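Below, each chain spelled out in residue letters.
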Amino acid sequence: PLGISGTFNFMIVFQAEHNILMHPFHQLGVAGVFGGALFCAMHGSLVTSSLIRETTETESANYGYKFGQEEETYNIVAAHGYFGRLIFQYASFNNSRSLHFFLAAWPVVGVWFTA
Amino acid sequence: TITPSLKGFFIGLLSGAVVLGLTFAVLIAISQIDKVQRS
Amino acid sequence: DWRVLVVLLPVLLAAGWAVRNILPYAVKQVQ
Amino acid sequence: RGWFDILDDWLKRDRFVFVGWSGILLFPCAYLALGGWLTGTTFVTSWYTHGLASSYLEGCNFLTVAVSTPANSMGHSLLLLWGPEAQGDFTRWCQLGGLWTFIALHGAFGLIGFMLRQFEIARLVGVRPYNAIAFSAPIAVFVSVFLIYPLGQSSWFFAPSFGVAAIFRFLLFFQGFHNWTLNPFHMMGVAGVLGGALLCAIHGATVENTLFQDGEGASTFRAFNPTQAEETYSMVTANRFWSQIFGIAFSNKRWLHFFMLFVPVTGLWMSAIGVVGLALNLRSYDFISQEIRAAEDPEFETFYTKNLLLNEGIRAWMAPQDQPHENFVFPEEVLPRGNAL
Amino acid sequence: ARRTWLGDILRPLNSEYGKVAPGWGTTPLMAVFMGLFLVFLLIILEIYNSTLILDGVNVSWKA
Amino acid sequence: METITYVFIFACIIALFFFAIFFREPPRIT
Amino acid sequence: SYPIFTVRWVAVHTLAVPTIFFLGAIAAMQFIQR
Amino acid sequence: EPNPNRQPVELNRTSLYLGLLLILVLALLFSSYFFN
Amino acid sequence: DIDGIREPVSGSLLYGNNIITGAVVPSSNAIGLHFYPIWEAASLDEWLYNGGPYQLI
Amino acid sequence: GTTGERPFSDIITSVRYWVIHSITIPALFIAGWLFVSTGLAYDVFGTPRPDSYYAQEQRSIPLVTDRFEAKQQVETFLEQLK
Amino acid sequence: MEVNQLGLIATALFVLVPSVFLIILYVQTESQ
Amino acid sequence: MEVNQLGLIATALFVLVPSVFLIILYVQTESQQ
Amino acid sequence: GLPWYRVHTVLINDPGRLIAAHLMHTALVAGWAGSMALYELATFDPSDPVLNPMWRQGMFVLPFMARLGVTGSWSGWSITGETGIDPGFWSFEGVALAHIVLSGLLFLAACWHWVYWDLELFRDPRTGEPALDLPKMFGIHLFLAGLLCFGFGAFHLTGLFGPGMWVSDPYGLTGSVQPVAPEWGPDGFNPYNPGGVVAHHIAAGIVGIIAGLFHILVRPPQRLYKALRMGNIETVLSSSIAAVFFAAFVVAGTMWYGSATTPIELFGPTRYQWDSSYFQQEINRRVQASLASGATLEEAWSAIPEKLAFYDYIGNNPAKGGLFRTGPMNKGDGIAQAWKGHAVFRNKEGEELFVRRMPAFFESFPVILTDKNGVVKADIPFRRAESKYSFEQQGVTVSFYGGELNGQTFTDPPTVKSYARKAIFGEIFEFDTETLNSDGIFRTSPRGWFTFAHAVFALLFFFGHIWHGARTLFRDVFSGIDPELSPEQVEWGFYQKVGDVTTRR
Ligand code: CLA
Ligand code: CLA
Ligand code: CLA
Ligand code: CLA
Ligand code: CLA
Ligand SMILES: CC1=C(/C=C/C(C)=C/C=C/C(C)=C/C=C/C=C(C)/C=C/C=C(C)/C=C/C2=C(C)CCCC2(C)C)C(C)(C)CCC1
Ligand SMILES: CC1=C(/C=C/C(C)=C/C=C/C(C)=C/C=C/C=C(C)/C=C/C=C(C)/C=C/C2=C(C)CCCC2(C)C)C(C)(C)CCC1
Ligand SMILES: CCCCCCCCCCCCCCCCCC(=O)O
Ligand SMILES: CCCCCCCCCCCCCCCCCC(=O)O
Ligand SMILES: [Fe+2]
């Protein structure tokens, strides 16, 4: 149904007739969206954790980035150095393209399986 | 007047102390042997 | 208990076997 | 150079697995929570606490194994091994639920140690501690769901049991008894989790598809140098695309990545608050105006009334087996059922 | 800045900004009291939890 | 009164969409 | 000249040796009949 | 003899839009529960 | 009448719903997978009763 | 860079490594197998064997119903299986 | 429907008070 | 007392809406100076 | 300029205006207390402390005045039922007025300290910069807290100079304010021993006086001073928040579980008294005793005080409410008027049957009657076509003993069913649903609302501790990391100790 409570009714009746919780594609969908939210926070916090000092403390740090600037505003080597030590060195990305491809792939593939 | 659980309380308290004591004993010893060099 | 020593037996064997095969290189680990 | 400073040097040595002072708390507790779960799901039953099999040894598979909560007659006991219930008898400890508090309590202190690790490492390396800050939401969730929720109920029995299918049971219990889907704190949590998955996928895809050509290969991953100064994708082109596709777009790279921290973190925090409510049964269970109308008007029906009828079925059909200590005996004639089914 | 009668009387209480005992000072004594406090909080919690049961201490409204 | 309130809030949001899109601070290459 | 016994060595073995013991236990379980 | 610690405050137009959106959507969510 | 049993479910704000309970209700089970455009109905009133808007939407 | 330990690709391709772990791994596996086949795992953990969930003609579950008499209750259930 | 009468004022102030706060901040940012 | 219920919302908005208008105009004047 | 979320940081180096802001907050809080009490006084109905006590009426601050000895009103009533009392100034009205006056005086003090912010007392004599000696301030404030804590325990609670505190019997029937002697033994730590509350404040107060003296006199060691950034007032915010959410979790706990400081005549019963049938056992015990002394069923049940039966009713269980079911408990089931009496159910065979009671988890619950042994013997069936245990089939009747219906028996199935539907809630009462237009749906009590708010506030304040704790320890990189940070510091191998540049190679 096209409604808030209607969605819930759909979900409950679905569990009754298909045991969707015990279905591995839905379990993969939960890994997809939990994982996506995790990695969303990880990536947000790691880039934020390594912003380069560009402002004083009475201004938003957001003003340290200017739309269209050539240089990056964060130190990915520092972020890797932090995150590699948090886990171990090779559990961490140093390639931005590999990292962002991972960010795209995990929730997309997860939600394909749940669909 | 010591109850059975009071004796258990002391058992777990001393068990905790030994586990923690052994841990920092090992670690202090290792830290003393395997030192960091500064020039 | 006799079941306790059969379970431990391959563990003790596997421990002594690895210690005998690394004993020169471990003793060399010095200070 | 006292012994403290010498210990500090060795704890903070750059090694393959960093240790630190926080390692003294983190590693024992994390290893014991982990190992306790593996031990219980392999070898330990739930027969005396729940009337359930719960280990590989009993024939369960990966989906149906659990370390289950202790019996309801234990209240909120710490269930110490040397405490008054097990009295140091390890076998009886396992049979009474002691592994559950064992995993839950070592796990809480393991989470503390992991956050202290994030603080410790960030400080040594010289980065802001926003990642430690982001980790407060998993901690909020763990504490609210595994500790606060059962502390407000009758006993640990009603906390989640540590298992795949056990957690599904938890999900369904919360629907039938708490009507938790109707709760706006869970609705904000849902929005934060799905919005975080959305942000995760849309940001990764946007970067991968606005890359600059910085090499000649067809695999574009090699054309990135982690020490390069320059952005690897085009913020300007990404911005124009989304502006014309969706109407608005990010223009500030820092706000973008702060937003990605904020959205799921805030979502989990909101859901934690709703679970603290459920500790006291302070549910958003009903809409009073709907009930008044429905009680007077047998022709009024909405998706809200339909869902309560489902909740009533869940409760009555699952309670006798789910709460065996209550000795519910429901004759067939009282079970709510629609026609034919 | 501005002087007042009350300001002058209180002035000594806000005059040792930044003054520290050398080194570790009373840190070992503080650790002892912290450890004592830990054990004492433990007893209070375990009594309330009925994990520690003491003669004549009946943790119940019937009291 | 409750129907009017729900629709009023919804209508304000659509109005906000219009301003957020057509009257944004323009992103300038600075 | 690498060390053979490190913090890493203890770390990998605290996980690995219980794991193999448990796999053998679980393997044997596939032959229990009721 | 003015106070040296005073600072101007700022809210840019984007933050106004975001903030207005948060409030309206929060009102849309909780209003049903307020009416009950 | 979502379920085709002449038991109409009220989905709209004016008929006693709020934001959380309201919905556009799926079309009648009596229709099944048949196509039900406005012009197949005898009247808008019939189309509404049987859940026409859901298909259109 | 490198923090000083021997690389993993190095160790696992080395002959000395497989010499040591051709024994330790199968031995640990056999020890775990024995742990269950000797029946010891049942007695360590108190897990029912397939024949000791219920007494022969009882259909009720031996649920512990007392906090401090609990260990006592379990032992009484166990002696009714004899 | 027999709804709570104070829900109207609660909703009304829920919107007005924080909205006005933001508008005040924004307009004074523009005029400096 | 059985008073008109809408009297409260009418009173609150009567105070709030024009007062907020004046506050808006005053604060943005001050940040000009 | 400053972001909206940082406006209040202009006080960080301005002790005078920080005091002004702190005064204004205090004026706001005391004003709330005065206002809240006046509103509760204008709506409280004092006429029935048995069936309409404060906690059925949504009273929130009234029980906190009553807990420490404020029991009567200038209009002549007391919450213990006595009429014709004279409380002096310290009535509920006098306490409220005192907080309103206090609020206005703090407001004026706030104005003065905001205008005259540049006091020489706040500037360091050596450097001329604003400086606060936080180690010494903590010593002063700790000394004062200890004195106040000792004085409150030594004088107010003992009755040496003060009224005492609320104390009651184990079943909440005869509470009143009484002096309380300290319990110095191990039972002092029993949360249900009120003597322990007295002893705690005497002892802890002395320890605070002593620790306060230590912290006035002994400077912090350089190690601890540097580790904790003791020159940065944000370190105090961080640890103060930590102490505050610790306290918040404790009061939430003791409110939910019960203690000598959360009595049931002020805050209502706990959910655990329903779970363990605490009141039902005591009622049964008294009924048994009377039957022993050769009383009739009617006499034994008539001897039960209405107040005691009222506790044995799930509508007073605080775990029966809803997050958006607002207002007093009376708005739900109504204003309790009378105990109807204890209902006894029997089948056609004369055997006594017992209604299975509703557990607090269940919004709804079927009606099932068992015998002494727990065998189901009657119910109200859902499907009728194959029912075996219907009241019509089993000839179920209901007789009342005690209360308004004492000595009555109903045999027609409709009436017997409606009483069985109420017996799942425990004892049956007559309710006035008209006066408040009650809707029939259970609400929680002040104990429930208190516990919810304080558990939630505690959890949020944990985040505040983490946030201000990080800003303290990471102040140097709050605006970003060093733009010329070397890869040597963050990459592996160069430094033997992480972060320490003196451990090269
Ligand atoms: C980081 C380490 C760590 C931590 C925090 C915990 C924490 C916990 N464990 Mg775990 N445990 C650990 C390691 C750890 N464990 C290890 C390594 C093992 C393997 C042997 C275990 C095995 C284990 C078992 C088998 C059990 C626990 C249990 C517990 C819980 C109760 C413990 C208790 O009451 O302690 C009491 C002891 C103390 C608090 C220590 C007191 C310290 C001394 C005495 C203070 C004295 C003061 C002194 C004067 C000050 C000196 C100052 C100094 C300067 C000299 C708790 C959640 C129990 C549990 O989970 O039950 C459900 C349980 O049954 N643990
Ligand atoms: C003869 C002396 C004497 C006596 C009889 C008492 C008597 C008492 N003291 Mg006091 N005390 C004394 C001296 C004394 N004191 C001295 C000298 C000091 C040092 C100055 C203190 C310091 C002190 C403190 C700090 C506390 C007491 C408390 C108590 C009460 C304990 C019963 C209770 O409700 O605990 C209930 C409290 C507990 C069972 C402990 C709570 C511990 C929890 C587990 C901490 C959890 C923290 C964690 C972050 C939260 C996680 C959340 C998640 C698990 C849900 C009781 C009134 C406690 C109190 O006021 O309780 C109302 C309390 O917190 N005392
Ligand atoms: C001038 C003195 C004074 C007096 C005698 C009272 C008296 C009263 N007030 Mg008022 N109040 C005052 C000032 C005063 N107030 C001020 C200045 C404010 C504004 C902040 C308020 C705000 C206020 C509110 C908001 C409320 C009251 C309420 C009350 C009543 C109950 C008090 C209670 O339960 O406290 C309980 C107090 C505590 C439990 C103290 C907590 C102590 C913790 C443990 C602090 C620990 C930290 C400390 C530093 C540790 C020391 C360590 C130790 C070793 C020494 C009572 C009639 C209540 C009422 O009924 O209002 C109508 C109420 O709700 N008051
Ligand atoms: C510690 C705080 C506290 C507590 C426990 C209570 C408890 C109580 N009060 Mg009191 N009250 C308080 C503070 C408190 N009050 C304050 C500060 C005021 C001044 C406004 C009042 C004014 C007041 C009045 C006027 C009345 C009460 C009444 C009552 C009773 C019923 C309350 C009720 O129905 O709740 C309803 C509660 C809710 C519906 C919860 C609302 C929470 C919503 C969801 C807001 C949170 C959403 C938020 C925007 C999320 C944003 C997320 C973002 C991060 C993205 C109860 C005993 C009533 C009574 O019976 O008095 C006799 C009554 O008439 N109180
Ligand atoms: C004793 C408590 C206390 C105190 C004195 C402070 C003080 C401060 N905080 Mg911290 N903080 C606290 C608790 C506290 N905080 C808690 C519990 C949390 C977690 C929720 C935080 C989370 C937090 C963050 C995330 C940030 C601060 C920041 C700041 C600074 C600027 C605040 C500002 O300008 O707000 C201005 C606020 C407004 C104009 C409006 C806020 C309106 C809120 C959202 C809702 C309205 C609340 C309402 C009045 C109800 C009263 C609350 C009462 C019931 C408890 C200031 C030093 C900021 C900082 O570090 O700057 C450098 C910052 O970024 N704080
Ligand atoms: C509790 C306790 C304890 C502890 C213990 C421990 C510590 C243990 C450990 C244990 C362990 C540590 C174990 C382990 C195990 C493991 C396992 C069992 C695994 C398995 C796995 C698998 C099966 C996997 C596979 C796969 C898949 C599935 C998919 C993909 C691929 C792969 C291959 C990955 C103690 C002593 C203190 C005493 C007290 C109690
Ligand atoms: C000036 C003066 C005076 C007067 C005074 C006065 C008149 C005062 C008043 C005061 C007051 C009268 C105050 C009050 C206040 C209040 C408050 C402060 C409130 C608050 C509230 C809040 C904060 C809330 C919130 C919330 C909500 C709304 C919802 C739910 C949630 C919560 C709870 C959060 C005198 C003559 C004495 C003296 C001289 C001077
Ligand atoms: C009545 C009790 C009988 C005693 C039986 C012996 C049980 C004792 C086993 C305890 C093992 C150590 C567990 C606690 C150690 C860790 C505590 C900590 O580190 O903080
Ligand atoms: C008029 C009838 C009662 C007689 C009045 C009694 C005197 C007033 C006592 C009020 C309690 C004051 C003690 C509170 C703490 C005092 C020190 C302080 O915090 O400022
Ligand atoms: Fe990114």
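Residues numbered from 1 in each chain as written, not as in the entry; some residues may be left out. Chains lettered and ligands numbered in written order. Part of a larger assembly, values for the part shown. Heavy atoms only, no water. Residues with missing side-chain atoms left out of burial classes, pairs and counts.

Student: Just to check I follow, could you spell out the overall build of chain F for this structure?
Tutor: Along its length, chain F carries one helix and zero strands. Judged by the C-alpha coordinates and their principal axes, chain F covers about 50 × 10 × 5 Å. (Helix = DSSP H or I, 4+ residues; strand = E, 2+ residues; numbered from the N terminus.)

Student: Where do I start with the site of ligand 4 in this structure?
Tutor: Taken together, 19 residues lie near ligand 4, and M:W32, M:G58, M:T326, M:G327 and M:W449 sit nearest. Nearby residues place ligand 4 at the junction of chains D, H, K and M. Between ligand 4 and M:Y39, the relevant distance is 3.4 Å, taken from an oxygen atom to a side-chain nitrogen or oxygen of the residue. For the shell around ligand 4, the residue count by class is 14 nonpolar, five polar and no charged. (Near = heavy atom within 4 Å. Polar contact = N/O pair within 3.5 Å; in protein donor to acceptor, adjacent residues only side chain to side chain. Nonpolar A, V, L, I, M, F, W, Y, C, P; charged D, E, K, R; others polar.)

Student: Is there a simple way to explain the interface of chain D and chain M in this structure?
Tutor: Buried accessible area, meaning the area lost when the parts come together, often serves as the stated size of an interface. The interface of chain D with chain M comprises 67 residues on the first partner and 71 residues on the second. The salt bridge involving D:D286 is made with M:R325; its shortest N-O contact spans 2.7 Å. Applying the counting criterion to the chain D and chain M interface returns 29 residue pairs in polar contact. At the level of secondary structure, the elements contributing two or more residues to the side of chain D that touches chain M comprise helix 1 (3–11), helix 5 (98–125), helix 6 (130–134), helix 7 (136–152), helix 8 (164–178), helix 9 (184–208), helix 11 (253–279) and helix 13 (303–322) of chain D. (Contact = heavy atoms within 4.5 Å. Salt bridge = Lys/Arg side-chain N within 4 Å of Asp/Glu carboxyl O.)

Student: Can you help me understand the site of ligand 7 in this one?
Tutor: Residues and elements named next belong to chain M. By nearness alone, every residue bordering ligand 7 is listed as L28, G31, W32, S35, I100, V101, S103 and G104. Mapped onto the shell around ligand 7, the elements with two or more residues apiece are helix 1 (15–43) and helix 3 (92–115). Looking at the shell around ligand 7, its residues break down into four nonpolar, four polar and no charged.

Student: Is there a simple way to explain the coordination of the magnesium atom of ligand 1 in this structure?
Tutor: Between any two of four tetrahedral donors, the ideal angle at the metal is 109.5 degrees; between two of six octahedral donors, it is 90 or 180 degrees. The protein supplies the magnesium atom of ligand 1 with one donor atom, D:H106 (NE2), which lies at 2.2 Å. Looking at the secondary structure, you find D:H106 in helix 5. (Donors = N, O, S within 2.8 Å, 3.2 Å for Na, K, Ca; no water.)

Student: Whenever I open this one, the coordination of the magnesium atom of ligand 2 confuses me. Can you help?
Tutor: Among all protein atoms, only M:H200 (ND1) binds the magnesium atom of ligand 2, sitting 2.2 Å from it. Tracing the backbone shows M:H200 in helix 5 (residues 194–217).

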